[PDB]
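Peer 1: Structure file protein00.cif (mmCIF, C-alpha atoms and all ligand atoms) right here:
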data_run
#
loop_
_atom_site.group_PDB
_atom_site.id
_atom_site.type_symbol
_atom_site.label_atom_id
_atom_site.label_comp_id
_atom_site.auth_asym_id
_atom_site.auth_seq_id
_atom_site.Cartn_x
_atom_site.Cartn_y
_atom_site.Cartn_z
ATOM 1 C CA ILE A 3 0.000 0.000 0.000
ATOM 2 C CA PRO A 4 1.569 3.316 -1.095
ATOM 3 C CA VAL A 5 2.240 5.773 1.744
ATOM 4 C CA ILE A 6 2.559 9.541 1.335
ATOM 5 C CA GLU A 7 4.135 11.898 3.877
ATOM 6 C CA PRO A 8 2.667 15.399 3.481
ATOM 7 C CA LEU A 9 3.813 18.297 5.653
ATOM 8 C CA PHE A 10 1.786 18.630 8.833
ATOM 9 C CA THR A 11 1.586 22.210 10.086
ATOM 10 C CA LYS A 12 0.722 22.856 13.746
ATOM 11 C CA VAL A 13 -2.642 24.561 14.306
ATOM 12 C CA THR A 14 -3.243 24.577 18.076
ATOM 13 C CA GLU A 15 -2.152 22.716 21.212
ATOM 14 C CA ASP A 16 -3.141 21.389 24.631
ATOM 15 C CA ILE A 17 -6.703 20.248 23.929
ATOM 16 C CA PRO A 18 -7.431 17.091 26.033
ATOM 17 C CA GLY A 19 -8.769 14.424 23.703
ATOM 18 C CA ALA A 20 -8.845 16.921 20.794
ATOM 19 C CA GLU A 21 -11.824 15.899 18.680
ATOM 20 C CA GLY A 22 -14.661 16.868 16.363
ATOM 21 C CA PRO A 23 -12.936 19.383 14.053
ATOM 22 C CA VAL A 24 -15.581 21.339 12.161
ATOM 23 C CA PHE A 25 -16.145 24.534 10.186
ATOM 24 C CA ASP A 26 -19.421 26.446 10.510
ATOM 25 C CA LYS A 27 -21.321 28.369 7.795
ATOM 26 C CA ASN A 28 -19.122 31.450 8.332
ATOM 27 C CA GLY A 29 -15.859 29.553 8.001
ATOM 28 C CA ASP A 30 -15.103 29.632 11.728
ATOM 29 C CA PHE A 31 -13.206 26.615 13.056
ATOM 30 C CA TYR A 32 -14.189 24.603 16.135
ATOM 31 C CA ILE A 33 -12.680 21.743 18.151
ATOM 32 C CA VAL A 34 -14.075 19.772 21.091
ATOM 33 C CA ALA A 35 -12.067 18.721 24.149
ATOM 34 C CA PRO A 36 -14.055 15.746 25.524
ATOM 35 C CA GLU A 37 -11.419 14.671 28.040
ATOM 36 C CA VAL A 38 -11.062 17.876 30.069
ATOM 37 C CA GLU A 39 -11.664 16.959 33.713
ATOM 38 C CA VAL A 40 -12.127 18.901 36.943
ATOM 39 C CA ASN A 41 -11.529 16.919 40.151
ATOM 40 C CA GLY A 42 -11.728 13.632 38.264
ATOM 41 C CA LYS A 43 -15.176 14.507 36.864
ATOM 42 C CA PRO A 44 -16.118 15.291 33.226
ATOM 43 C CA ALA A 45 -15.822 18.951 32.243
ATOM 44 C CA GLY A 46 -15.588 18.669 28.446
ATOM 45 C CA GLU A 47 -15.324 21.794 26.312
ATOM 46 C CA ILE A 48 -16.297 23.133 22.882
ATOM 47 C CA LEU A 49 -13.766 25.607 21.522
ATOM 48 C CA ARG A 50 -13.440 28.131 18.731
ATOM 49 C CA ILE A 51 -9.947 28.307 17.240
ATOM 50 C CA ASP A 52 -8.522 31.459 15.651
ATOM 51 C CA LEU A 53 -6.752 29.935 12.624
ATOM 52 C CA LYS A 54 -4.454 32.942 12.247
ATOM 53 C CA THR A 55 -3.058 32.783 15.796
ATOM 54 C CA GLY A 56 -3.908 29.302 17.036
ATOM 55 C CA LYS A 57 -5.543 30.962 20.042
ATOM 56 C CA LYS A 58 -8.317 28.998 21.721
ATOM 57 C CA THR A 59 -11.606 30.238 23.160
ATOM 58 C CA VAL A 60 -13.959 27.965 25.097
ATOM 59 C CA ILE A 61 -17.468 28.864 23.956
ATOM 60 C CA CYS A 62 -19.274 26.064 25.791
ATOM 61 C CA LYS A 63 -18.544 23.800 28.765
ATOM 62 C CA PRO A 64 -21.759 21.678 28.631
ATOM 63 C CA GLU A 65 -23.337 20.313 31.790
ATOM 64 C CA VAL A 66 -26.844 19.075 32.587
ATOM 65 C CA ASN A 67 -27.942 19.069 36.245
ATOM 66 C CA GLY A 68 -24.317 19.126 37.394
ATOM 67 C CA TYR A 69 -23.259 16.340 35.033
ATOM 68 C CA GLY A 70 -20.432 17.582 32.840
ATOM 69 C CA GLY A 71 -20.374 16.467 29.239
ATOM 70 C CA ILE A 72 -17.781 14.728 27.101
ATOM 71 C CA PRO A 73 -18.352 16.475 23.702
ATOM 72 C CA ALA A 74 -16.612 14.327 21.088
ATOM 73 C CA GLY A 75 -17.920 14.958 17.565
ATOM 74 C CA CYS A 76 -19.518 17.731 15.506
ATOM 75 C CA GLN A 77 -21.543 18.539 12.388
ATOM 76 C CA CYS A 78 -22.536 22.025 11.345
ATOM 77 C CA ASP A 79 -26.189 22.672 10.552
ATOM 78 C CA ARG A 80 -27.321 24.045 7.183
ATOM 79 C CA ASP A 81 -30.462 26.090 7.921
ATOM 80 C CA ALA A 82 -28.985 27.680 11.048
ATOM 81 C CA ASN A 83 -25.406 28.378 12.034
ATOM 82 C CA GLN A 84 -25.452 25.985 14.985
ATOM 83 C CA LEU A 85 -23.440 22.860 15.765
ATOM 84 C CA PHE A 86 -24.829 19.388 16.461
ATOM 85 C CA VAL A 87 -22.495 17.830 19.019
ATOM 86 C CA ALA A 88 -22.152 14.157 19.923
ATOM 87 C CA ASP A 89 -21.569 13.974 23.685
ATOM 88 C CA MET A 90 -20.426 10.811 25.478
ATOM 89 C CA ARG A 91 -22.343 11.743 28.661
ATOM 90 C CA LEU A 92 -25.159 13.955 27.370
ATOM 91 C CA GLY A 93 -26.111 12.346 24.035
ATOM 92 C CA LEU A 94 -26.817 14.840 21.253
ATOM 93 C CA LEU A 95 -26.455 18.575 21.861
ATOM 94 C CA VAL A 96 -27.229 21.600 19.710
ATOM 95 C CA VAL A 97 -24.708 24.338 20.460
ATOM 96 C CA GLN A 98 -25.093 27.951 19.314
ATOM 97 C CA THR A 99 -22.119 30.142 18.384
ATOM 98 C CA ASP A 100 -22.808 32.272 21.471
ATOM 99 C CA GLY A 101 -22.086 29.218 23.620
ATOM 100 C CA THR A 102 -25.626 28.358 24.725
ATOM 101 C CA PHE A 103 -26.738 24.764 24.184
ATOM 102 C CA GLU A 104 -29.687 22.412 24.464
ATOM 103 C CA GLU A 105 -29.788 18.697 25.216
ATOM 104 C CA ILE A 106 -31.742 17.032 22.395
ATOM 105 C CA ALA A 107 -32.862 13.716 23.907
ATOM 106 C CA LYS A 108 -32.953 11.822 27.187
ATOM 107 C CA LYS A 109 -34.836 8.978 25.483
ATOM 108 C CA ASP A 110 -35.096 7.642 21.925
ATOM 109 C CA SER A 111 -38.225 7.155 19.756
ATOM 110 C CA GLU A 112 -38.917 3.872 21.554
ATOM 111 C CA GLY A 113 -38.821 5.420 25.042
ATOM 112 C CA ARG A 114 -35.470 3.729 25.703
ATOM 113 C CA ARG A 115 -32.861 5.805 27.570
ATOM 114 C CA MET A 116 -30.425 7.611 25.284
ATOM 115 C CA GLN A 117 -26.795 6.452 25.022
ATOM 116 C CA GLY A 118 -23.747 8.736 25.025
ATOM 117 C CA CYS A 119 -22.614 9.608 21.490
ATOM 118 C CA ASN A 120 -19.208 10.092 19.879
ATOM 119 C CA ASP A 121 -19.527 11.268 16.270
ATOM 120 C CA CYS A 122 -22.208 12.146 13.737
ATOM 121 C CA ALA A 123 -22.736 12.816 10.049
ATOM 122 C CA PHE A 124 -25.434 14.740 8.191
ATOM 123 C CA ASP A 125 -26.706 13.332 4.920
ATOM 124 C CA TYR A 126 -27.837 15.806 2.233
ATOM 125 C CA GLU A 127 -31.470 15.313 3.284
ATOM 126 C CA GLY A 128 -30.732 16.753 6.722
ATOM 127 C CA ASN A 129 -30.843 13.514 8.677
ATOM 128 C CA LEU A 130 -28.125 13.080 11.298
ATOM 129 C CA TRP A 131 -26.510 9.654 11.606
ATOM 130 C CA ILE A 132 -24.890 9.238 15.017
ATOM 131 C CA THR A 133 -22.600 6.701 16.712
ATOM 132 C CA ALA A 134 -23.281 5.929 20.384
ATOM 133 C CA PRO A 135 -20.388 3.902 21.885
ATOM 134 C CA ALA A 136 -21.150 4.901 25.471
ATOM 135 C CA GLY A 137 -23.820 3.461 27.728
ATOM 136 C CA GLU A 138 -26.829 5.399 29.005
ATOM 137 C CA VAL A 139 -26.439 9.188 29.247
ATOM 138 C CA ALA A 140 -26.100 10.994 32.591
ATOM 139 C CA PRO A 141 -27.227 10.551 35.357
ATOM 140 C CA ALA A 142 -26.372 6.905 34.581
ATOM 141 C CA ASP A 143 -22.897 5.760 35.644
ATOM 142 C CA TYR A 144 -20.503 6.262 32.710
ATOM 143 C CA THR A 145 -19.696 3.163 30.613
ATOM 144 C CA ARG A 146 -18.218 2.650 27.136
ATOM 145 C CA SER A 147 -18.289 -0.246 24.666
ATOM 146 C CA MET A 148 -14.522 -0.697 24.185
ATOM 147 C CA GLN A 149 -14.694 -4.256 25.575
ATOM 148 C CA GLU A 150 -18.364 -5.257 25.291
ATOM 149 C CA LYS A 151 -20.778 -4.937 22.358
ATOM 150 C CA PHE A 152 -23.416 -2.458 23.547
ATOM 151 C CA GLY A 153 -22.630 0.473 21.259
ATOM 152 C CA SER A 154 -25.507 1.743 19.128
ATOM 153 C CA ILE A 155 -26.238 3.810 16.032
ATOM 154 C CA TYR A 156 -28.987 6.450 15.827
ATOM 155 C CA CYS A 157 -30.586 8.660 13.205
ATOM 156 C CA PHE A 158 -31.936 12.029 14.336
ATOM 157 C CA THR A 159 -34.434 12.904 11.616
ATOM 158 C CA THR A 160 -35.670 16.168 10.134
ATOM 159 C CA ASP A 161 -39.007 15.636 11.898
ATOM 160 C CA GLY A 162 -37.201 15.460 15.260
ATOM 161 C CA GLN A 163 -37.168 11.716 15.956
ATOM 162 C CA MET A 164 -34.194 10.084 17.703
ATOM 163 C CA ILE A 165 -34.325 6.610 16.192
ATOM 164 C CA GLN A 166 -31.985 3.809 17.191
ATOM 165 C CA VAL A 167 -31.126 2.103 13.883
ATOM 166 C CA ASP A 168 -28.740 -0.627 15.070
ATOM 167 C CA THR A 169 -27.016 -2.024 18.149
ATOM 168 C CA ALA A 170 -24.325 -4.398 19.451
ATOM 169 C CA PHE A 171 -21.232 -2.556 18.208
ATOM 170 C CA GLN A 172 -17.905 -2.699 20.041
ATOM 171 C CA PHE A 173 -17.331 1.060 20.148
ATOM 172 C CA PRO A 174 -18.981 2.527 17.015
ATOM 173 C CA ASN A 175 -16.902 5.644 16.305
ATOM 174 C CA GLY A 176 -16.417 7.594 13.065
ATOM 175 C CA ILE A 177 -19.381 7.784 10.713
ATOM 176 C CA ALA A 178 -19.885 9.001 7.135
ATOM 177 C CA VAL A 179 -22.590 9.088 4.486
ATOM 178 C CA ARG A 180 -21.957 8.357 0.813
ATOM 179 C CA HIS A 181 -24.125 10.159 -1.738
ATOM 180 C CA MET A 182 -24.944 9.503 -5.377
ATOM 181 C CA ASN A 183 -23.693 12.182 -7.774
ATOM 182 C CA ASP A 184 -27.236 13.610 -7.749
ATOM 183 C CA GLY A 185 -27.096 14.063 -3.963
ATOM 184 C CA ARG A 186 -29.193 11.062 -2.887
ATOM 185 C CA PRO A 187 -27.856 9.403 0.322
ATOM 186 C CA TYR A 188 -27.362 5.677 -0.285
ATOM 187 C CA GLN A 189 -24.606 4.267 1.907
ATOM 188 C CA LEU A 190 -23.651 4.643 5.573
ATOM 189 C CA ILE A 191 -20.116 3.847 6.791
ATOM 190 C CA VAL A 192 -19.535 3.158 10.498
ATOM 191 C CA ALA A 193 -16.167 2.617 12.157
ATOM 192 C CA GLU A 194 -15.932 0.005 14.925
ATOM 193 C CA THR A 195 -12.636 0.954 16.574
ATOM 194 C CA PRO A 196 -11.189 -2.088 18.416
ATOM 195 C CA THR A 197 -12.328 -4.641 15.829
ATOM 196 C CA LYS A 198 -10.380 -2.902 13.041
ATOM 197 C CA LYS A 199 -13.471 -2.822 10.816
ATOM 198 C CA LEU A 200 -15.513 -0.325 8.830
ATOM 199 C CA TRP A 201 -19.152 -1.344 8.448
ATOM 200 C CA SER A 202 -21.544 -0.310 5.691
ATOM 201 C CA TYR A 203 -25.325 -0.258 5.230
ATOM 202 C CA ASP A 204 -27.568 0.672 2.335
ATOM 203 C CA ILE A 205 -29.532 3.804 3.231
ATOM 204 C CA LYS A 206 -33.068 3.115 1.982
ATOM 205 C CA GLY A 207 -34.468 6.292 3.500
ATOM 206 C CA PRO A 208 -34.508 8.544 6.602
ATOM 207 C CA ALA A 209 -33.596 6.288 9.549
ATOM 208 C CA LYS A 210 -33.827 3.194 7.338
ATOM 209 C CA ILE A 211 -30.661 1.178 6.815
ATOM 210 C CA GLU A 212 -30.342 -2.404 5.608
ATOM 211 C CA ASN A 213 -27.718 -4.983 4.718
ATOM 212 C CA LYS A 214 -24.994 -4.552 7.332
ATOM 213 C CA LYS A 215 -21.666 -5.522 5.737
ATOM 214 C CA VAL A 216 -17.972 -5.507 6.663
ATOM 215 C CA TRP A 217 -16.947 -2.785 4.183
ATOM 216 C CA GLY A 218 -13.304 -2.095 4.992
ATOM 217 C CA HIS A 219 -10.401 -3.446 7.011
ATOM 218 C CA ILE A 220 -8.232 -1.236 9.208
ATOM 219 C CA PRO A 221 -4.490 -2.184 9.264
ATOM 220 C CA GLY A 222 -2.543 -3.090 12.398
ATOM 221 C CA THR A 223 -2.931 -4.965 15.677
ATOM 222 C CA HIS A 224 -2.155 -1.935 17.854
ATOM 223 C CA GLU A 225 -4.640 -0.907 20.523
ATOM 224 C CA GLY A 226 -7.085 1.438 18.817
ATOM 225 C CA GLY A 227 -8.332 1.445 15.231
ATOM 226 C CA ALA A 228 -10.593 3.602 13.049
ATOM 227 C CA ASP A 229 -11.673 6.801 14.744
ATOM 228 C CA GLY A 230 -12.887 9.745 12.634
ATOM 229 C CA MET A 231 -13.631 9.809 8.901
ATOM 230 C CA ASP A 232 -14.652 12.008 5.954
ATOM 231 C CA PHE A 233 -15.007 11.679 2.176
ATOM 232 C CA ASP A 234 -13.009 13.694 -0.341
ATOM 233 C CA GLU A 235 -14.728 15.017 -3.497
ATOM 234 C CA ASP A 236 -14.119 11.744 -5.399
ATOM 235 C CA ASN A 237 -15.687 9.683 -2.585
ATOM 236 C CA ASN A 238 -12.420 8.274 -1.261
ATOM 237 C CA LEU A 239 -12.829 7.734 2.480
ATOM 238 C CA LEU A 240 -10.067 9.104 4.706
ATOM 239 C CA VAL A 241 -10.020 7.393 8.096
ATOM 240 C CA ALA A 242 -7.934 8.244 11.163
ATOM 241 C CA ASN A 243 -6.391 4.979 12.392
ATOM 242 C CA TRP A 244 -5.803 5.830 16.078
ATOM 243 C CA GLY A 245 -2.626 4.127 17.316
ATOM 244 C CA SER A 246 -1.148 3.404 13.872
ATOM 245 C CA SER A 247 0.447 6.792 13.065
ATOM 246 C CA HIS A 248 -1.545 6.806 9.788
ATOM 247 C CA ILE A 249 -4.737 8.038 8.156
ATOM 248 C CA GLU A 250 -6.073 5.323 5.831
ATOM 249 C CA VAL A 251 -7.479 6.201 2.417
ATOM 250 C CA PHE A 252 -10.144 3.845 1.043
ATOM 251 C CA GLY A 253 -11.367 3.845 -2.530
ATOM 252 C CA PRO A 254 -15.134 4.113 -3.329
ATOM 253 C CA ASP A 255 -15.505 0.323 -3.040
ATOM 254 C CA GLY A 256 -13.721 -0.120 0.297
ATOM 255 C CA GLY A 257 -11.889 -3.307 1.198
ATOM 256 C CA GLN A 258 -8.226 -2.600 1.917
ATOM 257 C CA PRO A 259 -6.794 0.940 2.019
ATOM 258 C CA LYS A 260 -5.465 2.021 -1.394
ATOM 259 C CA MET A 261 -3.132 4.551 0.242
ATOM 260 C CA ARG A 262 -1.963 5.566 3.727
ATOM 261 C CA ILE A 263 -0.941 8.990 5.036
ATOM 262 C CA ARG A 264 1.927 9.013 7.553
ATOM 263 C CA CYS A 265 1.314 11.416 10.457
ATOM 264 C CA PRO A 266 4.126 12.774 12.698
ATOM 265 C CA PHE A 267 2.214 11.297 15.672
ATOM 266 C CA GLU A 268 0.796 7.914 16.702
ATOM 267 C CA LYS A 269 -2.780 8.845 17.574
ATOM 268 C CA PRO A 270 -4.693 10.596 14.765
ATOM 269 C CA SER A 271 -8.255 10.985 16.052
ATOM 270 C CA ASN A 272 -10.512 12.988 13.758
ATOM 271 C CA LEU A 273 -10.293 15.122 10.645
ATOM 272 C CA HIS A 274 -12.193 17.708 8.624
ATOM 273 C CA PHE A 275 -11.687 19.535 5.329
ATOM 274 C CA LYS A 276 -11.752 23.330 5.187
ATOM 275 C CA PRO A 277 -14.525 24.154 2.642
ATOM 276 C CA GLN A 278 -13.356 24.832 -0.938
ATOM 277 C CA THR A 279 -9.784 23.627 -0.213
ATOM 278 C CA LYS A 280 -7.531 20.543 -0.105
ATOM 279 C CA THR A 281 -6.706 21.322 3.542
ATOM 280 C CA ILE A 282 -7.482 18.665 6.131
ATOM 281 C CA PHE A 283 -7.406 19.568 9.815
ATOM 282 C CA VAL A 284 -6.416 16.642 12.023
ATOM 283 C CA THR A 285 -6.785 16.215 15.780
ATOM 284 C CA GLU A 286 -4.508 13.730 17.558
ATOM 285 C CA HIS A 287 -4.154 12.319 21.067
ATOM 286 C CA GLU A 288 -0.399 11.785 21.371
ATOM 287 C CA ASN A 289 0.221 15.498 21.957
ATOM 288 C CA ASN A 290 -3.493 16.394 22.204
ATOM 289 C CA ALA A 291 -3.144 18.911 19.398
ATOM 290 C CA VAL A 292 -4.540 19.969 16.041
ATOM 291 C CA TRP A 293 -2.642 20.009 12.740
ATOM 292 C CA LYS A 294 -3.351 20.485 9.054
ATOM 293 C CA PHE A 295 -1.963 19.047 5.825
ATOM 294 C CA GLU A 296 -2.756 19.228 2.113
ATOM 295 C CA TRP A 297 -4.645 16.324 0.541
ATOM 296 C CA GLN A 298 -4.677 15.558 -3.216
ATOM 297 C CA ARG A 299 -8.077 17.194 -3.770
ATOM 298 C CA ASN A 300 -10.987 19.075 -2.159
ATOM 299 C CA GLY A 301 -13.272 17.464 0.386
ATOM 300 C CA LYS A 302 -16.781 16.215 -0.272
ATOM 301 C CA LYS A 303 -19.155 19.058 0.571
ATOM 302 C CA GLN A 304 -20.635 18.835 4.050
ATOM 303 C CA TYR A 305 -24.380 19.291 4.545
ATOM 304 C CA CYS A 306 -23.743 22.845 5.843
ATOM 305 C CA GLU A 307 -22.183 23.787 2.488
ATOM 306 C CA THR A 308 -25.302 22.836 0.507
ATOM 307 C CA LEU A 309 -28.257 25.161 -0.039
ATOM 308 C CA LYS A 310 -31.832 24.573 1.090
ATOM 309 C CA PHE A 311 -32.980 26.875 -1.704
ATOM 310 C CA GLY A 312 -30.381 25.941 -4.309
ATOM 311 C CA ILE A 313 -31.467 25.195 -7.878
ATOM 312 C CA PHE A 314 -28.811 22.855 -9.282
HETATM 313 CA CA CA B 1 -14.322 9.816 17.512
HETATM 314 CA CA CA B 2 -14.954 15.501 10.071
#
Would you mind giving the structure from this file in structure tokens?
Ligand SMILES: [Ca+2]
Ligand SMILES: [Ca+2]
Peer 2:
Amino acid sequence: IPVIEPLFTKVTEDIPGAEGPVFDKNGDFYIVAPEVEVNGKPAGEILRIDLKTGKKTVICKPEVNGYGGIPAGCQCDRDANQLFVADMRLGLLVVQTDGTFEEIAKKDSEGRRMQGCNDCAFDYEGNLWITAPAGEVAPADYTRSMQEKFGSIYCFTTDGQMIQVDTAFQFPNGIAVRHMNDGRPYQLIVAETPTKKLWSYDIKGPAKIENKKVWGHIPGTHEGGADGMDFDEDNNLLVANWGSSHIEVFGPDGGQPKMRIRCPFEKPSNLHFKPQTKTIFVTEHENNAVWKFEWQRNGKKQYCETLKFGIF
């Protein structure tokens, strides 16, 4: 497998568990620090990063009834400049740029208690596909599916339903949606970290997935595996292989990586393209920092880059 070694430029530092890199509708850059703790208790943060200086600003330190959150993944909304944040303790949050936030669900569409989430991905229809590797949200005692298969997948629909679409994953992590050239969502990719697998489903409609299949194989026997992911404009899937020092690049058909990207650190966690560029921002847990490097082409447009009232 060919390996490239692009130049990684430092963006910002000292962000505990640096995760969920995302750009909003105005081009502002955000990062979440899920692993910030105060007195051994969760005190996760959502930060805005000044790309010119690398200076950090904590806009939100989510907590519900005294229970601090562990914000781990993000997706920018299209119709409003707000961020949908996957939280390991609080579930799904909607965070405004002013720092205020709301907890979306304590229970799913079936009345079952919500599970802590890690990452999410918007399809072009506005439905949010979410990975939930943690156990029940606060006030329940914190648990995570790294050893046992109790991780779930949800789909938060346009009509406000939090639907559990699958279960029994050993730490479902990164998640991505593949679209047809006409914009129709048709395939969901889900990373299962410790098992070194990428799973796929056919998206038949909002909150309707079928035919679970082992889509790709993550290299290595190191502790860790696939974390965050995103598609480039040609539908190649870039996946952060936490613990391997590489970001794997899968072709449209999956299977084995067709290329690897060597990182100057062992724990790449998540990544995100800056709109209209080849620049990929990468968070990593060796130094707990954020970097950026140039990919071969532009990223696949995120839902927030599409237009509700577009014509073409
Ligand atoms: Ca993650
Ligand atoms: Ca991303």
Peer 1: Figure out the distance between CA of residue 242 (chain A) and CA of residue 15 (chain A), please, to one decimal in Å.
Peer 2: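 Rounded to one decimal, the two atoms are 18.5 Å apart.
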Peer 1: Set the distance at 12 Å and use all atoms listed in the file: which residues neighbour residue 127 (chain A) once local chain neighbours fewer than 6 positions away are removed? I'd like the list as number ranges by chain.
Peer 2: A: 79-81, 157-161, 179, 181, 184-188, 205, 207-209, 304-306, 308-310
Peer 1: Quick one: pull the distance between CA of residue 247 (chain A) and CA of residue 286 (chain A), Å, one decimal.
Peer 2: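 About the pair CA of residue 247 (chain A) and CA of residue 286 (chain A): they are 9.6 Å apart.
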Peer 1: Which residue is closest to residue 97 (chain A)? Choose from A:148, A:48, A:13, A:72 and count all atoms listed in the file.
Peer 2: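 Using all atoms listed in the file, the shortest distance to residue 97 (chain A) belongs to A:48.
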Peer 1: Nearest to residue 228 (chain A) among A:285, A:111, A:279, A:175, with distances taken over only C-alpha atoms: which residue is it?
Peer 2: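 Going through A:285, A:111, A:279, A:175 one by one, the smallest distance to residue 228 (chain A) is for A:175.
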Peer 1: Please identify the residues whose atoms come within 12 Å of ligand CA 1 (chain B), using all atoms listed in the file, and report them as an MDAnalysis selection string.
Peer 2: chainID A and resid 19:23 34:37 72:76 87:90 119:123 132:136 173:178 192:195 226:232 241:244 269:273 284:287
Peer 1: Missing atoms in region 225-238 of chain A: fill them in up to N, CA, C and O atoms and send the result as a PDB file, keeping the file's coordinate frame.
Peer 2:
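Heads up, here's the output in result.pdb:
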ATOM      1  N   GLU A 225      -3.417  -1.217  19.800  1.00  0.00           N
ATOM      2  CA  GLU A 225      -4.640  -0.907  20.523  1.00  0.00           C
ATOM      3  C   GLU A 225      -5.179   0.349  19.838  1.00  0.00           C
ATOM      4  O   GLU A 225      -4.428   1.292  19.566  1.00  0.00           O
ATOM      5  N   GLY A 226      -6.464   0.322  19.503  1.00  0.00           N
ATOM      6  CA  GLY A 226      -7.085   1.438  18.817  1.00  0.00           C
ATOM      7  C   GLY A 226      -7.746   0.950  17.538  1.00  0.00           C
ATOM      8  O   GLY A 226      -8.249  -0.174  17.485  1.00  0.00           O
ATOM      9  N   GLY A 227      -7.716   1.786  16.502  1.00  0.00           N
ATOM     10  CA  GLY A 227      -8.332   1.445  15.231  1.00  0.00           C
ATOM     11  C   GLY A 227      -8.967   2.682  14.620  1.00  0.00           C
ATOM     12  O   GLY A 227      -8.613   3.806  14.986  1.00  0.00           O
ATOM     13  N   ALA A 228      -9.923   2.486  13.717  1.00  0.00           N
ATOM     14  CA  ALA A 228     -10.593   3.602  13.049  1.00  0.00           C
ATOM     15  C   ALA A 228     -11.324   4.532  14.007  1.00  0.00           C
ATOM     16  O   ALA A 228     -12.120   4.098  14.840  1.00  0.00           O
ATOM     17  N   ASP A 229     -11.018   5.817  13.905  1.00  0.00           N
ATOM     18  CA  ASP A 229     -11.673   6.801  14.744  1.00  0.00           C
ATOM     19  C   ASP A 229     -12.568   7.660  13.844  1.00  0.00           C
ATOM     20  O   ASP A 229     -13.640   7.212  13.448  1.00  0.00           O
ATOM     21  N   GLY A 230     -12.102   8.853  13.477  1.00  0.00           N
ATOM     22  CA  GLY A 230     -12.887   9.745  12.634  1.00  0.00           C
ATOM     23  C   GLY A 230     -12.700   9.525  11.145  1.00  0.00           C
ATOM     24  O   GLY A 230     -11.671   9.002  10.714  1.00  0.00           O
ATOM     25  N   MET A 231     -13.681   9.965  10.354  1.00  0.00           N
ATOM     26  CA  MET A 231     -13.631   9.809   8.901  1.00  0.00           C
ATOM     27  C   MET A 231     -14.371  10.913   8.144  1.00  0.00           C
ATOM     28  O   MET A 231     -15.232  11.601   8.699  1.00  0.00           O
ATOM     29  N   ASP A 232     -14.029  11.049   6.866  1.00  0.00           N
ATOM     30  CA  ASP A 232     -14.652  12.008   5.954  1.00  0.00           C
ATOM     31  C   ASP A 232     -14.303  11.639   4.517  1.00  0.00           C
ATOM     32  O   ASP A 232     -13.248  11.051   4.257  1.00  0.00           O
ATOM     33  N   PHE A 233     -15.209  11.957   3.597  1.00  0.00           N
ATOM     34  CA  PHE A 233     -15.007  11.679   2.176  1.00  0.00           C
ATOM     35  C   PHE A 233     -14.376  12.865   1.462  1.00  0.00           C
ATOM     36  O   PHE A 233     -14.612  14.015   1.842  1.00  0.00           O
ATOM     37  N   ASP A 234     -13.545  12.595   0.457  1.00  0.00           N
ATOM     38  CA  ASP A 234     -13.009  13.694  -0.341  1.00  0.00           C
ATOM     39  C   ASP A 234     -14.003  13.839  -1.501  1.00  0.00           C
ATOM     40  O   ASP A 234     -14.963  13.060  -1.587  1.00  0.00           O
ATOM     41  N   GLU A 235     -13.788  14.800  -2.393  1.00  0.00           N
ATOM     42  CA  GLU A 235     -14.728  15.017  -3.497  1.00  0.00           C
ATOM     43  C   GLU A 235     -14.941  13.864  -4.481  1.00  0.00           C
ATOM     44  O   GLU A 235     -15.933  13.856  -5.206  1.00  0.00           O
ATOM     45  N   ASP A 236     -14.014  12.908  -4.514  1.00  0.00           N
ATOM     46  CA  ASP A 236     -14.119  11.744  -5.399  1.00  0.00           C
ATOM     47  C   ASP A 236     -14.642  10.512  -4.645  1.00  0.00           C
ATOM     48  O   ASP A 236     -14.568   9.386  -5.142  1.00  0.00           O
ATOM     49  N   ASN A 237     -15.145  10.739  -3.436  1.00  0.00           N
ATOM     50  CA  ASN A 237     -15.687   9.683  -2.585  1.00  0.00           C
ATOM     51  C   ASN A 237     -14.682   8.688  -2.021  1.00  0.00           C
ATOM     52  O   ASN A 237     -15.021   7.529  -1.770  1.00  0.00           O
ATOM     53  N   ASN A 238     -13.431   9.118  -1.887  1.00  0.00           N
ATOM     54  CA  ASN A 238     -12.420   8.274  -1.261  1.00  0.00           C
ATOM     55  C   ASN A 238     -12.657   8.566   0.219  1.00  0.00           C
ATOM     56  O   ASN A 238     -12.955   9.701   0.587  1.00  0.00           O
TER      57      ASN A 238
END
